[PDB]
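For neighbour counting, all protein chains shown are included, and Cβ atoms are generated from backbone atoms with ideal geometry for every residue, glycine included. Bear in mind that the values in this text are calculations on the coordinates, not laboratory data.
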Amino acid sequence: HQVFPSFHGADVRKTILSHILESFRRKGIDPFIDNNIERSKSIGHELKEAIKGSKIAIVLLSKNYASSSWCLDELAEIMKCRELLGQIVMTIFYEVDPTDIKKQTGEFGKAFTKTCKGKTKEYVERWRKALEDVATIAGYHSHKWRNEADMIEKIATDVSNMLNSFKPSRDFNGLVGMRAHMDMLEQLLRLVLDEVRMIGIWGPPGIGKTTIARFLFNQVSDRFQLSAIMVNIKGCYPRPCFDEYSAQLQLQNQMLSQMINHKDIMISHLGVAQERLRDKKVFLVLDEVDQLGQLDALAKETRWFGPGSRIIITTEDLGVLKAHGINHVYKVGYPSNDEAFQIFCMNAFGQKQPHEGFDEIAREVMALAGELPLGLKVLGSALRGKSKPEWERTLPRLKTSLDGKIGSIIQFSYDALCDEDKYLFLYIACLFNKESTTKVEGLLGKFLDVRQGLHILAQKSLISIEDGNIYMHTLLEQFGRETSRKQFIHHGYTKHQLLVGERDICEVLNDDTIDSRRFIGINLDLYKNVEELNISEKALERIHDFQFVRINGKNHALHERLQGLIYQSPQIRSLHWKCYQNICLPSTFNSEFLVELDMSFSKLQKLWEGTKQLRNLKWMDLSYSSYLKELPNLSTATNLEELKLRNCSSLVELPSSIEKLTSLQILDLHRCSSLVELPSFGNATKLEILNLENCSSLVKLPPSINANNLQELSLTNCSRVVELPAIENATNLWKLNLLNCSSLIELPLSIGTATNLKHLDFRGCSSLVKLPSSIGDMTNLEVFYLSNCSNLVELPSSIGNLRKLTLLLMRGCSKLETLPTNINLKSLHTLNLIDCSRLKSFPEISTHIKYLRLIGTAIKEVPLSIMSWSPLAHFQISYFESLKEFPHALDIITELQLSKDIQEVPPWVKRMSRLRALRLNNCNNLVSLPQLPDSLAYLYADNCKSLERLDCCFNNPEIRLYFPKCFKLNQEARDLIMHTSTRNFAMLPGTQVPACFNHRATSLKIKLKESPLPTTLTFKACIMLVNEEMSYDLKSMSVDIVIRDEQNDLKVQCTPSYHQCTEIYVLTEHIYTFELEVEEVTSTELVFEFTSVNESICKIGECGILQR
Amino acid sequence: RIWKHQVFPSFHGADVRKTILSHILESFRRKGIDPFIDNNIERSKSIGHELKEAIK
Amino acid sequence: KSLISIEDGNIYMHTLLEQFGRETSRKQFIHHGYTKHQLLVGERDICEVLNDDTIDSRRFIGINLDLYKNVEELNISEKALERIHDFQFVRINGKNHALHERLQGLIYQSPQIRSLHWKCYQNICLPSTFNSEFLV
Amino acid sequence: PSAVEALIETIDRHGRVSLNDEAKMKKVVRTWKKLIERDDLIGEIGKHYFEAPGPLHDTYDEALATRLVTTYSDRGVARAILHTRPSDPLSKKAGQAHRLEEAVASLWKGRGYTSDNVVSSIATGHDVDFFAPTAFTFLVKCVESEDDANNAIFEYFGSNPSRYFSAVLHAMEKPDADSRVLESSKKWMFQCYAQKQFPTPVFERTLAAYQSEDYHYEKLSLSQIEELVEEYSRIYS
Ligand SMILES: Nc1ncnc2c1ncn2[C@@H]1O[C@H](COP(=O)(O)OP(=O)(O)OP(=O)(O)O)[C@@H](O)[C@H]1O
Ligand SMILES: Nc1ncnc2c1ncn2[C@@H]1O[C@H](COP(=O)(O)OP(=O)(O)O)[C@@H](O)[C@H]1O
């Protein structure tokens, strides 16, 4: 129904009720209908059901309303529903005083009394309570109204108003990702502060600032005394605004009228808003604020609003927010790609958040739309209703030009810029979309005041500077490229245009409406194969110049007429090529003006074939140009800053003139596989980043660097390097690594001058004899890796000076013999001396070591000072026989490794307590495993021959019993290994699941039924592996478990839902066992599914399990 | 320090609602004052409870 | 958009709609790439613009002439004959017995002519100086 | 909470809940980006998991590499490395990314993965993906030698030169394809057959034999066959 009417038919069904029915009918209101034949003495259940679902009721009261038990019961039910449910009750006092209804008096009271005779007490009580309550509520007194028809019309209008507000924002909940915005905005709000905090919202046009504001106002405004939302302030403002004060006054007037719902009153002066709102909770939303005038109009001071209030202004340039001093700003971010697809499919496939039918062109169109919700919506609306071929035929036109819907909105923001800002926008859109800001300033610095332009554009959110490079959204870039055809660029007054088009420039070049001067920038993308070179012969005779060339050549085919066309230009500024596909550079190419030159893939050999002059050049990038033998004379290149010969691989040598590159800062010869030497650099070079990663043939190096500012110096492989250049001050060595730089001899003493080098590696630095004595000079040195650094027979005693290094990994240093002794390192976490085959004397630096690893050493002694060291989390020693005379060592041990051959079975291990692990490498001649101590968590036998008996029932904890290759195991020992209760794996040599596991099978499925009523059940699982080429060294396995029913589909839980080990051997003929707990009690319904993560490594073969 | 109304008048309706209250209310609107007016109480609400809320 | 109608592979534009289109030709330019062009559509009154001799005539890629008026030769300045025009689309309905030496010299000097319609040519041979490499 | 505090809480949660294969295959990428976002996180967290209880490691990176590989799918870690390679090699982010991938490469070596094991993990189903530089280079580290890397990818194609060449020719049409390296793979096939001293027409048929339908990739074309026949023709006569 719509409305439930309650009335007394004998009084009003004829005269007034008909008029109200007619008014409701004409206003589109359908009240519940009833008949006098449809009434009993009682009301009935269906009548109450109709009342309950009416969601609004109108009680029309007359003189004899109380004279019907039917009507009184209806009123009682109405009040009951009002109090319990959210039913809204309207009253009409048809010529009866509300006080008479309240006290049950007058003729109404007489009728009520006459009706009340005979009824039980509770009926009378409910009737009286309902009558009092209905008399209290605010309705319509017929006596007050001078005009009955006007009163009825007012009642109908109020009913209609209080009927189109039930469902709050039921529609348009199909907007995606608003929860992220709400959460990110709640932190800014902090409504708990009871302050008057201002909040801004800004971002590129078309992200959802308006929609986010609307959603927030819809969600929060109910918590505020007085809330209003102003929409599109920028649009509704006088563009010339001859009287700023009048427009300011009318803006504040609109704000107040919509604020108090105060019927568009007129306002005297500009301070009224403070007078009214300085004492009330206010939630205000100001949308699309363009300039500080509107802010001064609407919210100029914090003190304008009552204690506790929030005002939120959505803008587009940060400068307006900053001028008003807000500092509580949410930079709205783009939605996630999945949310982008959801929005696009919502707008393109009609409420389908996923696609329909095809799901292929949808993602192409989406990627075309960038990420703007505006772009996604426009494209989705454009494409909806079509079919796949229609999509395909519309796609190219959509790709080559953007819709006017996006274009107009972008154009409006573009027109609010200064002329130089527009020029910089065009420059970025056409040529420098993703380039470092410094290079942009260097190339455009004499035209546009690049720094200020970039600052303004970033403030306007027409560009973003992520890291050190600028980025413009692709949707905005397309607008820029389009406008580049219908607009010009001026510097003083010279007119310029930028040529940007995939092979659609060639027609413009074949013209006679020509100037040889209009075009300064070319951005060409040539991915596809050429049909014919569309340039005409006559245009090749032109002498037109370009100050910016950027060509993305992408094929093996060579362009000749294009080359001849470009190089006629007398003064190029920056040159970019990819896949140059030519042997040299043409001799007719002038380079006196050349600031940046990059040819990131080339076939250039000995370019320039002779010396030239390079006055203002600042960036050379010949990366990946593999077919490059040598490099031109770099004399008179003094202003060069960075040189990136990244992975040239055939650069036999470097020019001798490198000495004169005084301004050089970055030198990257990463692979550069053909190098032999590296000539001296000079005196004032001050190289900042020196990278030579894999120069396998590099032999010689400069004797000195002058490395006053050398952040990073990397020589990773550099296998044949005899000496090393000295260093001056090294005050900023952020990074120095020599990983595997074998064939070294020494280390320059100046290395200790690096006061801030926190981390340091020499792993693999074989043939290094001794460390320099100045190492102790280093400070903040935290990590010191040495691995298999054989022939390092020393360790300097100045190490005690370090006092900060946490770990000192020194592994495989087979010839290290001694360590410095009278040293205490105040904070030394670990000391990893493994396989130091000649260490021969216990490493005693009396410290706070927590992880000591001494395995494969030859110490055979343990000092008595160790009780000074209270905590050790890991002390690991390789077992030698004469440990038994060192009782101080036993209680402070953690691990142990029996040797290749130990016949004896050491009972002493029972006394020694902390045995977190015990390892048995080889030991083919071992009679049996020793009785395990109470603290045992790990047992390993990587290879073994005879282990007939394991005489120990050990039940410490989650213990791992790994037996990779030991077959002479007695049946009882084997059973003990399977039937021991643990929480980790246990792995045996076996060729078949043991019969102990009844329920067998071979993404595999295991089916069994359980014999129990209701309990938590425990299971033991046994798994073999699919016979594959398992690596003998394979050491990693993880297993996932899924348990499910078939009578039902209840995916049950499983407490150890996974078992993982990073050290278990993976081999074919072996048995892996573990344990499970299940608790859900779907009785006769158990189906198991064990999967091996990393199916590329291990796959589960046979399987069989057992219950307990 | 938050009030929804500035002035709440209390009176007897049968005596002064027509004659003098009318002039006082009219005078207040001409001085930028927003007094509470009981005639503007939303329909379908309990006057007894609602009126007490406006007092505080 | 219901601005044209395709009946049997031929497009049809309503008379009033076409008439509106013709007027806007003078007041609007056509941009294809970075260049700019306009069209010349007139019975006989749009020929003095060829005698303007003060504006770039490169932006004239289409001619639509209807010469069912008089056998008199149309008046063009001798200097306009000097300029060479890049006319790509030509539609001349030269309905008379007259021969237009001036028009022939003006048009067949175009370097590249994309399509050429000439009803009632009223001559003997196409002039030798007529390049036809581009002729669809 | 700080970045570290949050990032630890996230990694533990993902390794705890054992969620969907694709959900892991996506969430690993987001975690990877948060790692290389700023330089002083890999070492700091790598220091945290080092001190935490568990198996011991030789370095902080191994401690972090083990945690990441265990948490997400190991086959998934491979995808995150391939899809999060920044542009500028000398930037801070590229430095962080190299630390991550090298640790994973060393982690795989210590577990004794074969050449085939790495390739099967790298595999994405599109046979040209293996020759993308962001994938081929990471393969080389895991195997130390291009010949083995080429051999591993050759055998992953079931020793099918036709399927092999279809991939390498399709890698010649990439915007960032390294010709010198791709040539080495293309070259590498030749001396394997030159070691066979196969006749040129037999070599044609040997290549043409797999061109039949004995085996879901894109087959070659007869014209480029002849050039490949011509290419091998004179070099190793
Ligand atoms: N629920 C109601 N709906 C409509 N009108 C009502 C209602 N209750 C009372 N009235 C009207 O109020 C009038 C009586 O007003 P009264 O003199 O009691 O005002 P008051 O109680 O003095 O106001 P205040 O308490 O604000 O000073 C009656 O004539 C009646 O028409
Ligand atoms: N999270 C979202 N879900 C669905 N649609 C959205 C979302 N955000 C924005 N849109 C749509 O994208 C369009 C962008 O408009 P909007 O960005 O709100 O204007 P403005 O740029 O002035 O803030 C809106 O029409 C809106 O319907």
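Helical content of chain A, expressed as a calculated mean residue ellipticity at 222 nm, amounts to -7000 deg cm²/dmol (DSSP H runs of 4 or more residues, -39,500 (n - 2.57) each, divided by residue number, nearest 500).
Annotation note: trypsin sites (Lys or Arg not before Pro) in the range D:32-114 located in DSSP loop regions with a Cβ neighbour count of at most 16 within 10 Å are D:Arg38. Here the scattering of the range A:304-430 is modelled by Debye summation over its C-alpha atoms, one equal scatterer each and no solvent; at q = 0.21 Å⁻¹ the log10 of I(q)/I(0) is -1.20.
At 25 °C and 0.890 mPa s, grab the translational diffusion coefficient of the range A:598-742 from Stokes-Einstein with a Kirkwood Rh over Cα pairs, rounded to a whole number in µm² per second.
D = 160 µm²/s.
How much length would be gained if the chain were fully extended between A:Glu132 and A:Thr438, taking 0.36 nm per residue of separation minus their Cα-Cα distance, in nm to one decimal?
Answer, rounded to one decimal: 102.1 nm.
Taking 20 Å as the cut-off, the amide N atoms of the range A:123-151 that come nearer than this to a point 7 Å along the Cα-to-beta-carbon line of B:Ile37 belong to A:138-147, A:150-151. Take the Cβ atoms of A:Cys418 and A:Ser591, set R0 to 35 Å, and the FRET efficiency comes out at 0.50.
Give the calculated FRET efficiency between D:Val17 and D:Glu155 to the nearest 0.05, with a Förster radius of 41 Å applied to their Cβ-Cβ distance. My answer for the efficiency is 0.65. Compute the whole-percent fraction of alpha carbon pairs in the range A:537-688 spaced more than 22 Å apart. For the range A:537-688, the fraction of Cα-Cα distances above 22 Å is 40 percent. Just so you know, the Cα atoms of the range A:211-282 work out to an Rg and Dmax of 13.5, 39 Å. For the pair D:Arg30/D:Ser145, report the inter-label distance in nm, with labels modelled 7 Å from Cα in the Cβ direction. Placing both labels 7 Å along Cα→Cβ, they lie 4.3 nm apart. Tally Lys/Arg at +1 and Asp/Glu at -1 over every other residue whose Cβ is under 13 Å from the Cβ of D:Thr200; what's the total? So the surrounding residues net to -2. When the listed pairs A:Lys860/A:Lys884; A:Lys840/A:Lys884; A:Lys52/A:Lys117; A:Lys80/B:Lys56; A:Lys63/A:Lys144 are checked against a 20 Å cut-off, the alpha-carbon distance exceeds it for A:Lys52/A:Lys117; A:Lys80/B:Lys56. Spatially, the range A:832-874 and the range A:924-967 are offset by 26 Å when compared through their Cα centroids. Counting only the Cα atoms, the range C:57-136 fills a convex hull of 93 Å³ per residue. Taking one quarter of the surface of the C-alpha convex hull of the range A:342-501 gives a mean projected area of 10.2 nm².
Taking every alpha-carbon pair under 8 Å whose residues sit at least 6 apart, the range A:704-853 reaches a relative contact order of 15 percent.
Mind checking Rg over Rh on the range C:1-58, alpha carbons, Kirkwood formula for Rh?
1.06
Note on the protein assembly as shown: Kirkwood radius taken over Cα pairs, Stokes-Einstein applied at 10 °C and 1.306 mPa s, translational D equal to 38 µm² s⁻¹. Computed from backbone phi with θ = phi - 60° and the Karplus coefficients 6.51, -1.76 and 1.60, the 3J(HN,Hα) list for the range A:527-542 is 8, 6, 6, 7, 7, 9, 5, 5, 6, 7, 5, 5, 5, 5, 7, 6 Hz; x is used for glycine and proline.
Among A:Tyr1065, C:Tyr12, which comes first, then next, by fewest other beta-carbon atoms within 10 Å?
Sorted ascending by nearby Cβ count, the order is C:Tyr12, A:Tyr1065.
Net charge in the neighbourhood of A:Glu794 (other residues with Cβ under 13 Å of its Cβ; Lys, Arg +1, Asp, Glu -1) is +1.
Inter-part distance, the range D:179-237 to the range A:767-786, computed on C-alpha centroids, equals 53 Å. Note on the range A:1-137: semi-axes of the ellipsoid equivalent to its C-alpha gyration tensor, largest first and rounded to whole Å, are 22, 17, 15. Every pair of different Cα atoms in the range D:55-165 enters the Kirkwood calculation, which places the hydrodynamic radius at 14.7 Å. Averaging 1/r over every pair of different alpha carbons in the range D:129-237 and inverting the result gives a Kirkwood radius of 14.4 Å. Placing a label point 7 Å from the Cα of A:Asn529 along the Cα-to-Cβ direction, the residues of the range D:148-171 whose backbone N falls under 19 Å from that point are D:165-171.
Quick check: net charge around A:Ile1064, other residues with Cβ under 12 Å of its Cβ, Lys/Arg +1 and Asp/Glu -1?
Summing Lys and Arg as +1 and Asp and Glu as -1 gives +1.
Note on A:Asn708 and C:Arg58: their simple-model spin labels are 5.6 nm apart, each label 7 Å out from Cα toward Cβ. Averaging the Cα positions of each part gives two centres, and for the range A:317-343 and the range A:692-729 these lie 47 Å apart. With both labels modelled 7 Å from their Cα along Cα-to-Cβ, the A:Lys399 to A:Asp504 distance reads 1.2 nm. Taking a ≥ b ≥ c as the square roots of the Cα gyration tensor eigenvalues, the range A:522-562 comes out oblate, since a/c reaches at least 1.5 and a/b does not exceed b/c.
Nothing charged except the Cβ atoms of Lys and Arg (+1) and of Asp and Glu (-1): what's the magnitude of the dipole of the protein assembly as shown about its Cα centre? Round to the nearest 20 debye.
Details: 184 positive and 194 negative charges, 898 e Å.
Rounded to the nearest 20 debye, it is 4320 debye.
Each residue of the range A:79-88 is assigned a 3J(HN,Hα), and the resulting list reads 5, 4, 5, 5, 6, 7, 8, x, 5, 10 Hz, derived from the Karplus form 6.51 cos²θ - 1.76 cosθ + 1.60 (θ = phi - 60°), x at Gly and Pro. Annotation: the residues A:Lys405, A:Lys1009, sorted from fewest to most other C-beta atoms within 10 Å of their own C-beta, follow the order A:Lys1009, A:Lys405.
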